């Protein structure tokens, strides 16, 4: 049931985008990303390496989600959790459909921030998640304070629904319907985003 690895060219940014499954060999790198100042407030995983290892192992053995590393021209610089809403905490907050999916993400290295690279990456992984035939909706619940990500999500087709009082944050529940997404993905690829 896991999201498959993939590699695509993006002609807009003129880069190779590649996504692979996370493994335990990634623990030091991922641990470093979790200690970045732009990540800490939203992920809260600035914890000792020993603990991060135990957490990563548990998530890698979790069947409702797929952990991936996203890379630009082979350089790993983003972390992704792709999941089924039905088996996730967010299912409790809205009348989800059976095959709805969700996405969590971060850009790790500072050297990959501020360059608009989240768009081609997010559009690519969304496209591959939407190839599940019965999935019509993908949801996201960014912290309500993460104005930049709320903006990025809106630009990719996500519509805000309502705040969600989650254990770790007040999120903004947002839904992206496939027909809207394909139009935005096509706008992107046709240089009219």
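Numbering follows the first chain given and starts at 1.
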Just say lowest, middle or highest third for the CA B-factor of residue 164 relative to the other modelled residues in its chain.
lowest
In terms of the chain's CA B-factor thirds, is residue 132 lowest, middle or highest?
lowest
CA B-factor ranking of residue 156, expressed as a third of its chain
highest
Residue 44: CA B-factor among chain residues, third -> highest
By the recorded C-alpha temperature factor, relative to the other modelled residues in its chain, which third is residue 77 in?
lowest
